[PDB]
């Protein structure tokens, strides 16, 4: 049965992708400090297989951790575009979510979803390190629900 | 569709060229096989390709225009080209060596079925081979892009937008003025 | 008063000069640094087992917003708009009118959770403890629109979290 | 034949893994993805421009010193000679001269990188 | 003392109802410590404590395998903890709801719900106010 | 706190310190998470008499700046020269 | 790899804070100061609170002033840990960052217990502080403080006498006392060159 | 706890054990239960090639004793 | 029967490398007061598999400006040469017995440098170029010292055959008579394998990712696999050189147990060292080797030429 095989193969690739998420070393402002706290010993994101890597070529997730200005917007789009696929974006904190407390500023992008597609929105100013860790686990369960090969099979 | 929905606006484009097209990109990707096979060298085919943004604007303007109901439009580009010149132009813009050679329909229809074995997206099919070599009809009775307030964008102004990524590093920076336009057909 | 962090004259007697010679050639101060990371290898790590274990919080924690009721089930909010006035981020939007009875109540009460800075000024400003920041911090969503809370969402939050919220207010209201 | 088989197997397996890596994943190629990386902003000038070498003098010296090891490698075999008086002198003579050149380049500031 | 260490390890297998239960928790929660059961909530979650563990690890929950019709044997998240145990688990208080029950209100949810984002029962925003301008309606009869 | 004797000796020796006396993980020495209720004091203005606000109104005592010169003897400095600092008796040299 | 010119292009985090503040009351503008040097949140609050108190011609009460100094020094620990460990991390010494952010994690707990927020407390306000210390908090601060000096020693055992660390830091970025003054430097950027200046000593507050 | 690192070390150790064990056993199997002959120098190769001829089965590792003298 | 032997070499190497990544993450984790991978499989045992599968189903990228042929060649060469470094290693029997096995490894190690040089150059990117030229500088720093150190040790062994090092150390480890060489050798292998505190060609905190900044997915994995395979190989080489294991011909597996333990512990020290020190500046690496190791290595080479002659302890040529 092809249906059974592709179903299992999705489980395999989905499990590999969510079990080895490598976020880009990318942070913008306050919220990057809570992201550093998620890497710190108490939460130790690395114990989930979540490893920071600097190069976009070697990254799977962009955590937009902080305010996106108009001056920084092209640069953020550049490094997102340079990520190989599949790639995911986590929007962290009010600034990245929808502009936050600089929403009405002339120099601030009102939400990073104007620039990149966003998979998970993590609320808070800043979200606690645990709130971000909850967001990463929510992304893992989203990846676990992907049906790429099942959809390919039925095309 | 016309009987089922008599007020439908039906739009009949030629081949649409653009960044994600399967037209200009299709020709440029033939380089991976060396030479470019063309039925009768592509001298017995005329295309009138149309720009994606022109088609999009035509669709948007048809939604707002009340005249577009129950009408049929033909969205064509501003110039007609022989297939040989068009494919030659593609390789000139991409700065790739162009080595055309005739291939008969039966032999080239046989290559299409070969590639049809792919369980994924076929690189080419027999149907695609026929469509590429079908001369683009002339339908004066139908309204066109100009009837929707759209100026058809010439191929020469947007090919580099599509074909720059097919160049090697040596030729990436070449500007829009380096390649001579292909011969058209008045 | 001040002190010098790095103003030393090293000893030049033979013993001190040989102790530095051994240090340079035998890497003694580098070995000492290996001992310290070795000593951490054998310590118990500080990692907790999230989500089975949670980081400690206090009753003052500022999390997800909720609109509260009186014990009778009446809304506490009276549409005074003090929370809307003080909101540093202009994240609250309110409309109000006389209810079908004579009551002063809101018809719109929105919080743009992507404008909010979770500062808690709204619950400080509220005269009737109607709007609070609750203890919930695990409400990340897949879409932006899910973070634009209207009055129905906030009343549901209060009904969902009142048991914990009331106990947290009970622990902290004498500090307020 | 054993060695050539081992070399052929090693590089074949490496080539096979590259082939899988390029033909198994789903590709999505466009201009912005494949542009050169430089921290989010477009590079200023080409990466083929000259890159100054500040250790140029050490690199040339490496050539002369690398040939010394070719001259010193046979020493374990040279120790089997009956004529041990001559080899020991010449073995020590070569090393001392290698040490002398290092001392000369060191004192003349050849090991310091240019500014 | 090494043998004493290994006996504590073996006592963990028995403390988890045999090797099957031991493997169940090891694969569900990636931890096999045995704690004192503090209580269970109506959704099946079980709450444990061990006050000789350092602050932060001295309390924990073993999530229920099924909650609200959803299979949570492998898929668990922090939003499955109901409010009464939320306070105890996050150390906002010392007293579990078994000892210090919460105040009962008619309007409080009887059935807690986890995070519903990404499902058909997710929250969708909308304006809660009614139309502000009434448009004139022309007469339904001709007269002209 | 649960480390065996041998491991305690090994890691104490490796670091050169007595680690057990100053453990970086918290145990029972920290405060209870349930505390008795406070009863906070009141400030000095909580009086029923002799408490007229006009006599304790800081804002209304602020005055507009004093004009020294408008464009309408011994030399001075902005303040006396700063006294020289002294070395710590606690530990003059780190 | 020799640097001939450094041209810092900033403004990639410019969010018009100073224009936004003009549309806020003095209370509403305070949280903007948490988000400036977002590693020294309460110190930023205090600077603003002192300025508004000075214009109001009021004085915060002694207990608030003592709480401000206490949490100002707690904040200095949070900042200096970040400053030293990320600096060490950039130079390739990654391990001390982890040891010390578990201490930083314990200090966010003090922030959260007085304000309910780990970072942007908005706790120090013109007139004093928002709320009083919860009972049992000073006991916990004392427990934390009693062990921290040992953590600093562990940091020093990794870096201070490390010949690799000294090679990377000794004689790097020398600034003369005269240049530091004219270039507008302050704080450790002045005291590193021998200048004897500290506003807590020369122009004390609270 | 630090001993949770051991399972990875043990798995790495068993992997690094296999090449050394496999080469030894394969050499015994391919050389009639003995160590593979080492021929670093031409003399040792000469003796090997003689043993290949002397064997009678074209195998340098099949050795003939006093039963092969008459 | 030789092809089976080849596979019983390559396959364990790759699996050992994969689980070295897990061990490194755990050891760094615990030395940093955290745990490291412990969710993906029990004790994080499946983490290496997830990383491997994930990387090979990730889209690979050919940069628009890169030189395609050398861009693809370089990662192939890195892994191919990494596996070739193992064929002469006696554990206790080599796959390929070589008279000059020591020299073969010097040649293959020098050739493996070009996988850094050509990957970095072929990328046509500034951070990749800077990383590549750091590889030139780092090779210039260590190779001259590295080969002369081997020569000093082999003056006691008597040949370039790797199996003879076992015989030389039947009564005693060579680390006793040559601990000054063992120290300078151990540091050299850290620079040889581009390991901290000499992790300069990738130099993450300075060059983002250095020579392999443009590599993704499978091609990136090959460089990672090659890098970790050389960590193990050069610590095995160190164990053979200085911590010789006794070989019982009738129970070779006893050798492989003791030999494996020593090589593992040496490999752990690479992780231990990475967790403990900051990074050299790459000009300071050159001056470390040329102004400290080289003067002492030259002096010790003279000493180890003379010492066998003056003590009448010259080793046999065979």
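By letter and in written order, the chains are A, B, C, D, E, F, G, H and I; residue numbering begins at 1 in each of them.
The definition used in the following text is that a residue touches a chain if its C-beta (ideal position, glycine included) is under 8 Å from a C-beta of that chain, and two chains touch if they have at least 3 such contacts.
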Chains touching both chain B and chain G: D, I
Between chain B and chain F, the fewest steps along chains that touch one another: 3
Central chain (distance from its CA mean to the mean of all protein CA atoms): A
Pair with more cross-chain C-beta pairs in contact, given C-G and A-D: C-G
Chain centre separation in whole Å, for chain I relative to chain E (CA means): 49
Approximate Å spacing (C-alpha centroids) for the pair chain A, chain I: 35
Centre-to-centre distance between chain H and chain F (centres being mean Cα positions), rounded to whole Å: 76
Centroid distance [mean C-alpha coordinates] between chain H and chain B, Å: 67
Multi-partner residues of chain E (each touching 2 or more other chains): 30, 54-56, 77-79, 91-93, 115, 117-118
Contacts with 2+ other chains: residues of chain F: 2, 15-16, 24-26, 30, 32-35, 38, 40, 85
Per-residue multi-chain contacts in chain D, two or more chains: 26, 28, 30-31, 33-35, 37, 39, 54
Every chain pair in contact, whichever chains are involved: A-C, A-D, A-E, A-G, A-I, B-D, B-I, C-E, C-F, C-G, C-H, C-I, D-G, D-I, E-F, E-I, F-G, G-I, H-I
In the complex, chain G residues that touch chain D: 1-2
Residues of chain A touching chain C in the complex: 41-44, 47, 94, 97-101, 103-104, 111, 113, 118-125, 127-131, 133-135, 137-138, 142
Complex interface listing, chain A residues touching chain E: 42, 130, 134, 137-138, 141-142, 144
Contacting residues of chain C [partner chain F, same complex]: 1-8, 32, 35-36, 38-44, 46, 56, 58, 171, 174-175
Sites on chain G touched by chain C in the complex: 24, 27-29, 31-32, 95, 99, 102, 105, 109, 112-117, 120, 122, 130-132, 134, 154, 157-158, 161-164, 196
